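The structure under discussion appears below in the form of structure tokens.
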Amino acid sequence: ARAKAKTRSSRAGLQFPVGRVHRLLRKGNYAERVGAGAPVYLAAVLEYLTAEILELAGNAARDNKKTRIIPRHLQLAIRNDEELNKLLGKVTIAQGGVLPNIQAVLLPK
Amino acid sequence: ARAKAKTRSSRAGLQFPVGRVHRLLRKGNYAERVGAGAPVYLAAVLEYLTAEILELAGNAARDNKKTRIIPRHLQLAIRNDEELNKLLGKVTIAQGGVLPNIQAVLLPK
Amino acid sequence: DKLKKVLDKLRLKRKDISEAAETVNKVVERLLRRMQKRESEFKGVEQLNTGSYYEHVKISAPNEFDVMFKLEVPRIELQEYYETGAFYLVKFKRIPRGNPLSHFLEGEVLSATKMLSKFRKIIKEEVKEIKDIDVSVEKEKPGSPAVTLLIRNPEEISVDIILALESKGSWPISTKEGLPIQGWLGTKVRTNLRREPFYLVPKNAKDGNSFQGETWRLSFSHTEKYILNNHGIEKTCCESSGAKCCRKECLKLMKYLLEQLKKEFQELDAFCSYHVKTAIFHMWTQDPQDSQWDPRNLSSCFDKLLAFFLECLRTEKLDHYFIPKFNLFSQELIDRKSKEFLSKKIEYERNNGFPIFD
Amino acid sequence: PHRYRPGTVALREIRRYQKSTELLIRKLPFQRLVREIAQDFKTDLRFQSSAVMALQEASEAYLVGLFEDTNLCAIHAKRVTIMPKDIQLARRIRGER
Amino acid sequence: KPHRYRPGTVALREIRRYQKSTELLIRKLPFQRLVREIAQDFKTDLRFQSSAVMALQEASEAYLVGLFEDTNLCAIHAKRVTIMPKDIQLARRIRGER
Amino acid sequence: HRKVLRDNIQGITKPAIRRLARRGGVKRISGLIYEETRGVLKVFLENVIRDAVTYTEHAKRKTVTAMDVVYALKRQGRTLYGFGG
Amino acid sequence: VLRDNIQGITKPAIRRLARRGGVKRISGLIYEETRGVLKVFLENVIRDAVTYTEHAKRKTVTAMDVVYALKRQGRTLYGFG
Amino acid sequence: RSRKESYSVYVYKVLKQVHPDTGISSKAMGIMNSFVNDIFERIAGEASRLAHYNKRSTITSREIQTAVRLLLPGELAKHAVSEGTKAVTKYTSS
Amino acid sequence: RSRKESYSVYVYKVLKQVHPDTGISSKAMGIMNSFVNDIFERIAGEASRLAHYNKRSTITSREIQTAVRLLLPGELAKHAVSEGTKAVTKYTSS
DNA sequence: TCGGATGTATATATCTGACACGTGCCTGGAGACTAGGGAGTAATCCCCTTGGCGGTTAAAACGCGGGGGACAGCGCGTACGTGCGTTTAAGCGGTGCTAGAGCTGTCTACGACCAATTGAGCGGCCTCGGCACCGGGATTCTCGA
DNA sequence: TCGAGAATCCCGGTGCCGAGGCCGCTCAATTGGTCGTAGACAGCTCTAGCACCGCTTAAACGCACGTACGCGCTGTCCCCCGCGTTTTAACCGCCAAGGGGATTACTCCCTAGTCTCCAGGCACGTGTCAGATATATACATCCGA
Ligand SMILES: [Zn+2]
């Protein structure tokens, strides 16, 4: 017989898929032959980063009494930090606005 | 029998090799299968650009009575133009110096 | 009847406690001012107001008081300890600037023992500086995290100071189905409550040497105060342009019944007012209408409350109102025979006109 | 008459616009400009809508960046106004000329 | 009476001379010592090939020369001829390195 | 009705430049900013649309889709998030 | 081990760099800032080069490593490999 | 009619763990999707080049780890690396 | 002892046509070699991506032509393109 | 320092449309197996790095006098902000057409792959002339009177 | 507008060492067939772009007043340049040892490739709750007296 299937995402305790990442790595033509340990590691890294962004944006959203998330909140969460702002220092986010910032000399006496 | 060999560089009237470029394209993993017209075109383009740089640098070298070419001359020829300077606007050339340039306000009255 | 006389006496006790409460507030406010002036890692500590009336506080002697000192902490992560969500462990996520409590870490976990040790030391140093009123710190009691102040002006008052961490993140997943007031006060008020921070108070489990002094329990004192003071389906309930109910009176009567039995029978040591509050929260949820608590019917409401508690006693099951899987009446927390004893005492009092109130 | 002194409505408008998120250039004039520019490189081109929207968002972001850096230069020279010499300096430093 | 050029004349002669040569302007051995000291913190007992040190030196000279060009432009922009640290900080803030 | 167009750059009004500047955080715009801003905008739009049209012409189409513009931007270090990719 | 080598970047060296840059009147507070800028730049480049080496299991930071570390930050260097 | 492949469901799952009662509007889904695609592309490309530099022709986990150590700035690196290791360990035991 | 592959001889041949009596010093050879490698890499990478965008899996001359049209700025493009066409034509006739 | 005016944050009531979720179904991911070559490891060769010594002279360090540029202050006038009343065209909702994007079904030419053959290019030489260097003399640009 | 002086440019002679050509040879490029698939192409379906019409009103346009800011002029005084004399350490040349880079042999285990089958994830359809909006407030801030 064939034992019951158990998806790799289960065997690694992750959330992003690991089959799909492996297919992309194989058919994107990055190298001749992809080892079998790479997709797990890469899926873990992606999952961590997405968790980070979503947590920060959610806190900033719940701050001003909203239930959903809109791009303004993503812009706030990304631009406020110190590391995440360096990783995305070139990227424009549609409908994001800017950060409240007035210089010190313009303000009246 | 087998007819006498005739290298592809001869059949195209070029100077850069076309076998070597084809091997690099095949074993660099840029795409799954390289057509047979690409290497000729690419070798032609490379040859044109190298001819351009060498001609300009040679003129600038022969200007001030030298027989050989040294990196200072390459720096001069590259930085003087208008298109070639935009294509290499990031590249540092070892032992190149800079272009003679003094601002207008510093000079005495 | 006996109940109304008891209510009058309970109310008159506030007069006997007011001055002690005032001295306590004076001392505490001095300490808070001092703590906010000095430069240290505890500079942001503040008093959490939890109520001082008989209804808010636990059973206590009239000259004993408690206050909670809260502290802010950035980006904590909670890891479960039991299977019932009855205890939690604290770790730190990524911090860009630099963890200001880095040196209070033991391995990956914050050590409550070290933090309380520093807290106690700081309290001892500052209490030495109170010069106008004789305030000292009671000798540390092994097994109790409170730092207990002794104030003599000239009568002795004890104040247990408990440090509590304050967190602004999401409410923990265990609390997902807690606070079920969807039909009682509408979902909007429930959401506006759940959009608030939560507190962590140090507490050791009784489960062996491992992790002693490294465990914390949840505190929701703020939501409970808010609900207690905004308790009607009608916005004017118990307000100056509304009608009074006997909700708090019934709560006070049952709490005082427990107080008197616990005084008479030290066998009942493991019961506390939080068990009563949880039970009565369930009762206000099952029967939400104000008309079920007309003051004319005060005594009848109390009797219907008694029956519920006996049934809670009989099934040995009382789910925490905020943590539904947390059974407050589990075998491991309260011996069956103590509950049988309490059942016998409650039935005796209920059938004999509550002589223990005499 | 209740005239505000000069330089007070400006700060109110700054405090407002740095807080919304909508677009600031009208739509149809931008569409007409884009089509006029594209006519030179090919003839009879049809644009999807979202392509026009993407172009508009990119241009808005670019200009906002440019003015903010220009303002920094203008303050640097003991001033409060901004004049084209400032813009030309900022673009020369950033490497676009 | 000794012959003395007025201020601001030897400077122009030195500019004209240095914008025309190619040899390096930082002495070798101090730069080597500095590079080894900096690499001390990321590993222990490293061994540098010579040409690696040379490459590092050339890159650093090019970077600094670019920086001084731009800071000089800023300094002229504000009705001066002397560069001051606020100029450098402004130039680096604009070029996106902060 | 393939009407050729002429002088549309005046469509970028004066209050539009004003509002962009206000979001930028400025206080006293002078009077000669407008011409220079229009020139800069024209240059930027040319430089993007040329690459967009090249990407289209390679695929033998006539509809400049959004993904084309996203790729033309991304080639110049101005990655755009939120329109597909 | 070594300590305080950043003073090796003398003051006339900075003068010569500025003179090549096209500058006329250096102030007196430039040096203490140029040293810091140089230290930051070298820190970044050398960290990346050491990573590139340590991946390949060696102990000799070769020229190609530094060239790659530079090229990553958009500062391509022609003339060493 | 063919169909396209996205990361909507996975992002939604991860959101339902760190904020168990807040939803997400479709625009934010588009942004998060594009973000995931972009980061994955950067890391894959860097690892591919780095493996090619030493004449290898594979992609071991070690190369992905070095690529992560090169891209992410500062403390992120540390934390992210640890996660990977832990995960792959739990994958090997089974 | 293995051996490495460079572009010294070809560059020297091309130099001997447009300046028939001037030599080249070894440093300039190193620079010209690196330059050739870099340009070839940029063009190849761009063409590879562009072919991948339309779901193809090959590299026709057309893709190389479009990549050249994208990289080189201004008039260069025109001239360079013509050269390519001419060459490939002379290759097909034979 | 206050009052009066203007502007903005907050609470309450009402509609509506998008998002969160079932439901059906299909294609790609997992299990189970086999075949072959990439890389892992040991053993050896030899070159490039470190380390030191001793002399020679070029550059750095320090001190001094002084001419000039940075900075603060004051005064004047034009030009950009603020508010008001009029006029232009952008949104908006709704039709109506049709060009071209996208999909499907067949068939042909062309790039990979293999095997044998042979000459182009690379490493290792030798050799001499192009340039670095040295010393003298002619040209020139700056400064004070 | 001139002399006097310091710095630079040009020119002729000398030595050397790096660029340039020559010789084996060996490993990669070419010739010659074969085959299995990716790309070309015709034919069809139907979504999304373009074109237009009438109107409701929010934004642009134009103008008048005037006040704060830019610009120019003067002065003053301290900081940085030019030059000279002493002192420090960089450079150069030459040993001498040995750690580690690079290469070769060989073997084994990890990944590609296939077949089968079965569940996770995508298109689609539906209902209700979160947010947009309108209106009436209460509260915070700016200006002139
Ligand atoms: Zn009530």
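Ligands are numbered from 1 in the order shown, residues from 1 within each chain, and chains are lettered A, B, ... in the order they appear in the structure tokens.
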Post-fit chain H coords, all in-order Cα pairs vs chain I, as a CSV table (one decimal) with N, CA and C atoms, in the first residue's frame:
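The resulting superposed_0.csv:
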chain,number,residue,atom,x,y,z
H,1,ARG,N,49.3,22.1,-13.9
H,1,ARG,CA,48.8,23.5,-13.8
H,1,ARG,C,47.8,23.9,-14.8
H,2,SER,N,46.6,24.2,-14.3
H,2,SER,CA,45.5,24.6,-15.2
H,2,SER,C,45.8,26.0,-15.8
H,3,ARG,N,44.8,26.4,-16.7
H,3,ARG,CA,45.0,27.7,-17.4
H,3,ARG,C,43.7,28.4,-17.5
H,4,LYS,N,43.8,29.7,-17.6
H,4,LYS,CA,42.6,30.6,-17.5
H,4,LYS,C,42.4,31.2,-18.9
H,5,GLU,N,41.2,31.7,-19.1
H,5,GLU,CA,40.7,32.2,-20.4
H,5,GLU,C,40.4,33.7,-20.4
H,6,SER,N,41.0,34.4,-21.3
H,6,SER,CA,40.9,35.9,-21.3
H,6,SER,C,40.6,36.4,-22.7
H,7,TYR,N,40.6,37.7,-22.8
H,7,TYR,CA,40.3,38.3,-24.1
H,7,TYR,C,41.5,39.2,-24.5
H,8,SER,N,42.7,38.8,-24.2
H,8,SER,CA,43.8,39.6,-24.6
H,8,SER,C,44.0,39.6,-26.1
H,9,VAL,N,44.1,38.5,-26.7
H,9,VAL,CA,44.4,38.4,-28.1
H,9,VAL,C,43.4,39.1,-29.0
H,10,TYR,N,42.1,39.0,-28.6
H,10,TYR,CA,41.1,39.6,-29.5
H,10,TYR,C,41.1,41.1,-29.4
H,11,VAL,N,41.3,41.6,-28.2
H,11,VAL,CA,41.4,43.1,-28.0
H,11,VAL,C,42.6,43.6,-28.8
H,12,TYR,N,43.7,42.8,-28.7
H,12,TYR,CA,44.9,43.3,-29.4
H,12,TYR,C,44.7,43.3,-30.9
H,13,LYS,N,44.0,42.3,-31.4
H,13,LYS,CA,43.6,42.3,-32.9
H,13,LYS,C,42.8,43.5,-33.2
H,14,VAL,N,41.8,43.9,-32.4
H,14,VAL,CA,40.9,45.0,-32.8
H,14,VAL,C,41.7,46.3,-32.7
H,15,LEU,N,42.6,46.4,-31.7
H,15,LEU,CA,43.5,47.6,-31.7
H,15,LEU,C,44.4,47.7,-32.9
H,16,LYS,N,44.9,46.6,-33.4
H,16,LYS,CA,45.7,46.7,-34.6
H,16,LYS,C,45.0,47.1,-35.8
H,17,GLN,N,43.7,47.4,-35.8
H,17,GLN,CA,43.1,47.9,-37.0
H,17,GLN,C,42.8,49.4,-37.0
H,18,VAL,N,42.6,50.0,-35.9
H,18,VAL,CA,42.2,51.4,-35.8
H,18,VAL,C,43.4,52.3,-35.3
H,19,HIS,N,44.6,51.7,-35.1
H,19,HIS,CA,45.8,52.4,-34.7
H,19,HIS,C,47.0,51.6,-35.0
H,20,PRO,N,47.3,51.4,-36.3
H,20,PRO,CA,48.2,50.3,-36.7
H,20,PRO,C,49.6,50.4,-36.2
H,21,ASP,N,49.9,51.3,-35.3
H,21,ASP,CA,51.3,51.3,-34.8
H,21,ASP,C,51.5,51.6,-33.3
H,22,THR,N,50.4,51.5,-32.5
H,22,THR,CA,50.5,51.8,-31.1
H,22,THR,C,50.1,50.6,-30.2
H,23,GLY,N,51.0,50.3,-29.3
H,23,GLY,CA,50.8,49.2,-28.4
H,23,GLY,C,50.0,49.5,-27.1
H,24,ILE,N,49.9,48.5,-26.3
H,24,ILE,CA,49.0,48.7,-25.1
H,24,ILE,C,49.7,48.0,-23.9
H,25,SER,N,49.7,48.7,-22.8
H,25,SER,CA,50.3,48.2,-21.6
H,25,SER,C,49.4,47.3,-20.8
H,26,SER,N,50.0,46.4,-20.0
H,26,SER,CA,49.3,45.3,-19.4
H,26,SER,C,48.1,45.7,-18.6
H,27,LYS,N,48.3,46.8,-17.8
H,27,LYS,CA,47.2,47.3,-17.0
H,27,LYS,C,46.0,47.6,-17.9
H,28,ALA,N,46.2,48.3,-19.0
H,28,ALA,CA,45.1,48.6,-19.9
H,28,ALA,C,44.4,47.3,-20.4
H,29,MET,N,45.2,46.3,-20.6
H,29,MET,CA,44.7,45.0,-21.0
H,29,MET,C,43.7,44.5,-19.9
H,30,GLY,N,44.2,44.6,-18.6
H,30,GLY,CA,43.3,44.1,-17.5
H,30,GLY,C,42.0,44.9,-17.5
H,31,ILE,N,42.1,46.2,-17.7
H,31,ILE,CA,40.9,47.0,-17.7
H,31,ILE,C,39.9,46.7,-18.8
H,32,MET,N,40.5,46.5,-20.0
H,32,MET,CA,39.7,46.2,-21.2
H,32,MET,C,39.0,44.8,-21.0
H,33,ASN,N,39.8,43.9,-20.5
H,33,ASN,CA,39.2,42.6,-20.2
H,33,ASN,C,38.0,42.6,-19.3
H,34,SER,N,38.2,43.3,-18.1
H,34,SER,CA,37.1,43.4,-17.2
H,34,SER,C,35.9,44.1,-17.8
H,35,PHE,N,36.2,45.2,-18.6
H,35,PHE,CA,35.1,45.9,-19.2
H,35,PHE,C,34.3,45.0,-20.1
H,36,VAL,N,34.9,44.2,-21.0
H,36,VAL,CA,34.2,43.3,-21.8
H,36,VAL,C,33.4,42.3,-21.0
H,37,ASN,N,34.0,41.7,-20.0
H,37,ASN,CA,33.2,40.8,-19.2
H,37,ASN,C,32.0,41.4,-18.6
H,38,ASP,N,32.1,42.7,-18.1
H,38,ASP,CA,31.0,43.3,-17.4
H,38,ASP,C,29.8,43.6,-18.4
H,39,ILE,N,30.2,44.1,-19.6
H,39,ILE,CA,29.1,44.5,-20.5
H,39,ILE,C,28.4,43.2,-21.0
H,40,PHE,N,29.2,42.1,-21.2
H,40,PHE,CA,28.5,40.9,-21.7
H,40,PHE,C,27.6,40.4,-20.6
H,41,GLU,N,28.0,40.5,-19.4
H,41,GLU,CA,27.1,40.0,-18.3
H,41,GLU,C,25.8,40.8,-18.3
H,42,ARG,N,25.9,42.1,-18.3
H,42,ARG,CA,24.7,42.9,-18.3
H,42,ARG,C,23.7,42.6,-19.4
H,43,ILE,N,24.2,42.5,-20.6
H,43,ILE,CA,23.3,42.2,-21.7
H,43,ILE,C,22.7,40.9,-21.6
H,44,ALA,N,23.5,39.8,-21.3
H,44,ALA,CA,23.0,38.5,-21.2
H,44,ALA,C,21.9,38.4,-20.1
H,45,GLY,N,22.2,39.0,-18.9
H,45,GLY,CA,21.2,38.9,-17.9
H,45,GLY,C,19.9,39.6,-18.2
H,46,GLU,N,20.0,40.8,-18.8
H,46,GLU,CA,18.8,41.5,-19.2
H,46,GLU,C,18.0,40.7,-20.3
H,47,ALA,N,18.6,40.1,-21.3
H,47,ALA,CA,17.9,39.3,-22.2
H,47,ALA,C,17.3,38.1,-21.6
H,48,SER,N,18.0,37.5,-20.7
H,48,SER,CA,17.4,36.3,-20.0
H,48,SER,C,16.1,36.6,-19.3
H,49,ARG,N,16.1,37.7,-18.5
H,49,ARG,CA,14.9,38.1,-17.8
H,49,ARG,C,13.8,38.4,-18.8
H,50,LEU,N,14.1,39.2,-19.9
H,50,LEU,CA,13.1,39.6,-20.8
H,50,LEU,C,12.4,38.5,-21.5
H,51,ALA,N,13.2,37.4,-21.9
H,51,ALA,CA,12.6,36.2,-22.4
H,51,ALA,C,11.8,35.5,-21.4
H,52,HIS,N,12.2,35.5,-20.2
H,52,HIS,CA,11.3,34.9,-19.2
H,52,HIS,C,10.0,35.6,-18.9
H,53,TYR,N,9.9,36.9,-19.2
H,53,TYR,CA,8.7,37.6,-18.9
H,53,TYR,C,7.5,37.2,-19.8
H,54,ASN,N,7.8,36.8,-21.1
H,54,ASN,CA,6.7,36.4,-22.0
H,54,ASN,C,6.5,34.9,-22.0
H,55,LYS,N,7.0,34.1,-21.1
H,55,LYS,CA,6.9,32.7,-20.9
H,55,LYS,C,7.7,31.9,-22.0
H,56,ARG,N,8.4,32.5,-22.8
H,56,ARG,CA,9.3,31.8,-23.8
H,56,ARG,C,10.3,31.0,-23.0
H,57,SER,N,11.1,30.2,-23.6
H,57,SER,CA,12.2,29.6,-22.9
H,57,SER,C,13.5,29.5,-23.8
H,58,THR,N,13.7,30.5,-24.7
H,58,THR,CA,14.8,30.5,-25.6
H,58,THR,C,15.4,31.9,-25.6
H,59,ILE,N,16.4,32.1,-26.4
H,59,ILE,CA,17.0,33.4,-26.6
H,59,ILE,C,17.2,33.6,-28.1
H,60,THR,N,16.3,34.2,-28.7
H,60,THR,CA,16.4,34.5,-30.2
H,60,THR,C,17.2,35.8,-30.3
H,61,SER,N,17.7,36.0,-31.5
H,61,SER,CA,18.4,37.3,-31.7
H,61,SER,C,17.6,38.5,-31.4
H,62,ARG,N,16.3,38.4,-31.6
H,62,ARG,CA,15.4,39.5,-31.3
H,62,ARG,C,15.5,39.9,-29.8
H,63,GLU,N,15.6,39.0,-28.9
H,63,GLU,CA,15.7,39.4,-27.5
H,63,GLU,C,17.0,40.2,-27.3
H,64,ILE,N,18.1,39.7,-27.9
H,64,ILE,CA,19.4,40.4,-27.7
H,64,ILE,C,19.3,41.8,-28.3
H,65,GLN,N,18.6,42.0,-29.4
H,65,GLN,CA,18.4,43.3,-30.0
H,65,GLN,C,17.6,44.2,-29.0
H,66,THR,N,16.5,43.7,-28.4
H,66,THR,CA,15.8,44.5,-27.5
H,66,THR,C,16.6,44.9,-26.3
H,67,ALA,N,17.4,43.9,-25.8
H,67,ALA,CA,18.2,44.2,-24.6
H,67,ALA,C,19.2,45.4,-24.9
H,68,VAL,N,19.8,45.3,-26.1
H,68,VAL,CA,20.7,46.4,-26.5
H,68,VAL,C,19.9,47.7,-26.6
H,69,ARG,N,18.7,47.7,-27.2
H,69,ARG,CA,18.0,48.9,-27.3
H,69,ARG,C,17.6,49.4,-25.9
H,70,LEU,N,17.5,48.6,-24.9
H,70,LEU,CA,17.2,49.1,-23.6
H,70,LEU,C,18.4,49.6,-22.8
H,71,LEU,N,19.6,49.0,-23.0
H,71,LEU,CA,20.7,49.4,-22.2
H,71,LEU,C,21.4,50.7,-22.7
H,72,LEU,N,21.9,50.6,-23.9
H,72,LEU,CA,22.8,51.7,-24.4
H,72,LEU,C,22.0,53.0,-24.5
H,73,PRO,N,22.6,54.1,-24.1
H,73,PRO,CA,21.8,55.4,-24.1
H,73,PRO,C,21.9,56.2,-25.4
H,74,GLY,N,20.8,56.5,-26.0
H,74,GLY,CA,20.9,57.5,-27.1
H,74,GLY,C,21.5,56.9,-28.3
H,75,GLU,N,22.3,57.7,-29.0
H,75,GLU,CA,22.6,57.4,-30.4
H,75,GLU,C,23.4,56.1,-30.5
H,76,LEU,N,24.2,55.7,-29.5
H,76,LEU,CA,24.9,54.4,-29.5
H,76,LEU,C,23.9,53.3,-30.0
H,77,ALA,N,22.7,53.3,-29.3
H,77,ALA,CA,21.8,52.3,-29.6
H,77,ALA,C,21.6,52.1,-31.1
H,78,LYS,N,21.2,53.1,-31.8
H,78,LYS,CA,21.0,53.0,-33.3
H,78,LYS,C,22.2,52.4,-33.9
H,79,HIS,N,23.4,53.0,-33.8
H,79,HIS,CA,24.6,52.5,-34.5
H,79,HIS,C,24.8,51.0,-34.1
H,80,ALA,N,24.8,50.7,-32.8
H,80,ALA,CA,25.1,49.3,-32.4
H,80,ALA,C,24.2,48.4,-33.1
H,81,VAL,N,22.9,48.7,-33.1
H,81,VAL,CA,21.9,47.8,-33.6
H,81,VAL,C,22.3,47.5,-35.1
H,82,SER,N,22.6,48.5,-35.9
H,82,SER,CA,22.8,48.3,-37.3
H,82,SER,C,23.9,47.2,-37.4
H,83,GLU,N,25.0,47.4,-36.7
H,83,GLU,CA,26.1,46.5,-36.8
H,83,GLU,C,25.6,45.1,-36.7
H,84,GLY,N,24.9,44.8,-35.6
H,84,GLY,CA,24.4,43.4,-35.4
H,84,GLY,C,23.7,42.9,-36.6
H,85,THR,N,22.7,43.7,-37.1
H,85,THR,CA,21.9,43.2,-38.2
H,85,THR,C,22.9,42.8,-39.3
H,86,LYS,N,23.7,43.7,-39.7
H,86,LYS,CA,24.6,43.5,-40.9
H,86,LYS,C,25.3,42.2,-40.7
H,87,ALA,N,26.0,42.0,-39.5
H,87,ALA,CA,26.7,40.8,-39.3
H,87,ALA,C,25.9,39.5,-39.5
H,88,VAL,N,24.7,39.5,-38.8
H,88,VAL,CA,24.0,38.3,-38.8
H,88,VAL,C,23.5,38.0,-40.3
H,89,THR,N,23.2,39.0,-41.0
H,89,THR,CA,22.8,38.8,-42.4
H,89,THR,C,24.0,38.1,-43.2
H,90,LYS,N,25.2,38.6,-43.1
H,90,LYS,CA,26.3,38.0,-43.7
H,90,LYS,C,26.5,36.5,-43.2
H,91,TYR,N,26.1,36.2,-42.0
H,91,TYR,CA,26.2,34.9,-41.5
H,91,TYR,C,25.2,34.0,-42.2
H,92,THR,N,24.0,34.5,-42.4
H,92,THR,CA,22.9,33.6,-42.9
H,92,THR,C,23.2,33.2,-44.4
H,93,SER,N,23.7,34.2,-45.2
H,93,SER,CA,23.9,33.9,-46.6
H,93,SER,C,24.8,32.7,-46.9
H,94,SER,N,25.9,32.6,-46.1
H,94,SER,CA,26.8,31.5,-46.3
H,94,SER,C,26.2,30.2,-45.7
Site check for ligand 1: residues at most 6 Å away, only C-alpha atoms (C1' of nucleotides) and all ligand atoms, as a ChimeraX atom specification: /C:231-232,237-238,244-245
Distance limit 10 Å, atoms considered: only C-alpha atoms (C1' of nucleotides). Which chain K residues sit that close to chain D? Return them as a short mmCIF file (atom, residue, chain, number, x, y, z; two decimals) with C-alpha atoms (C1' of nucleotides), in the first residue's frame.
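Output file result-v5.cif follows:
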data_model
loop_
_atom_site.label_atom_id
_atom_site.label_comp_id
_atom_site.auth_asym_id
_atom_site.auth_seq_id
_atom_site.Cartn_x
_atom_site.Cartn_y
_atom_site.Cartn_z
"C1'" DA K 48 -12.36 46.14 -22.02
"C1'" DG K 49 -11.13 50.71 -24.38
"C1'" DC K 50 -12.84 54.41 -26.88
"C1'" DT K 67 3.51 93.15 5.46
"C1'" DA K 68 7.39 90.21 6.36
"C1'" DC K 69 11.50 88.57 4.09
"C1'" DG K 70 15.71 88.94 0.62
"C1'" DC K 142 -5.05 82.51 17.03
"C1'" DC K 143 -5.22 87.89 17.19
#
Within 12 Å of chain H: residues of chain C, using only C-alpha atoms, as an MDAnalysis selection string: chainID C and resid 77:78 92:99 169:177 191 194:195
Among listed residues D:54, D:66, D:94, D:39, nearest chain A (using only C-alpha atoms):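 So, comparing all the options, the nearest one is D:54.
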Pull the strand (DSSP E or B) assignments for stretch 18-96 of chain D out of DSSP run on the backbone, and list those residues as a PDB file with N, CA, C and O atoms, in the first residue's frame.
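What landed in out.pdb:
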ATOM      1  N   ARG D  46      -3.011  52.246 -27.285  1.00  0.00           N
ATOM      2  CA  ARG D  46      -4.138  52.219 -26.366  1.00  0.00           C
ATOM      3  C   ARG D  46      -3.646  51.835 -24.982  1.00  0.00           C
ATOM      4  O   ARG D  46      -3.027  50.783 -24.815  1.00  0.00           O
ATOM      5  N   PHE D  47      -3.930  52.673 -23.996  1.00  0.00           N
ATOM      6  CA  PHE D  47      -3.474  52.462 -22.633  1.00  0.00           C
ATOM      7  C   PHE D  47      -4.564  51.793 -21.817  1.00  0.00           C
ATOM      8  O   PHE D  47      -5.726  52.187 -21.890  1.00  0.00           O
ATOM      9  N   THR D  81      12.438  80.661   1.647  1.00  0.00           N
ATOM     10  CA  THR D  81      11.874  80.449   0.326  1.00  0.00           C
ATOM     11  C   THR D  81      12.667  79.363  -0.401  1.00  0.00           C
ATOM     12  O   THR D  81      13.718  78.924   0.059  1.00  0.00           O
ATOM     13  N   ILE D  82      12.150  78.902  -1.538  1.00  0.00           N
ATOM     14  CA  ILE D  82      12.892  78.020  -2.429  1.00  0.00           C
ATOM     15  C   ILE D  82      12.863  78.601  -3.835  1.00  0.00           C
ATOM     16  O   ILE D  82      11.815  79.051  -4.306  1.00  0.00           O
TER      17      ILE D  82
END
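Of note, atom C1' of residue J:117 and atom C1' of residue K:34 are spaced 19.9 Å apart.
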10 Å contact set for stretch 34-51 of chain J, only C-alpha atoms (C1' of nucleotides), chain neighbours under 5 positions out, as a list in words: residues 47, 48, 49 and 50 of chain E; 60 of chain G; 56, 57 and 58 of chain H; 96, 97, 98, 99, 100, 101, 102, 103, 104, 105, 106, 107, 108, 110, 112, 113 and 114 of chain K
Stretch 73-78 of chain E environment, 7 Å, only C-alpha atoms (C1' of nucleotides), sequence neighbours closer than 4 positions dropped, as a list in words: residues 77 of chain D; 69, 82, 83 and 87 of chain E
Proximal residues of chain D relative to chain A (only C-alpha atoms; 12 Å) as a VMD selection string: chain D and resid 5 to 8 10 to 24 53 to 62 64 to 65 68 to 69 71 to 72 74 to 76 78 to 81
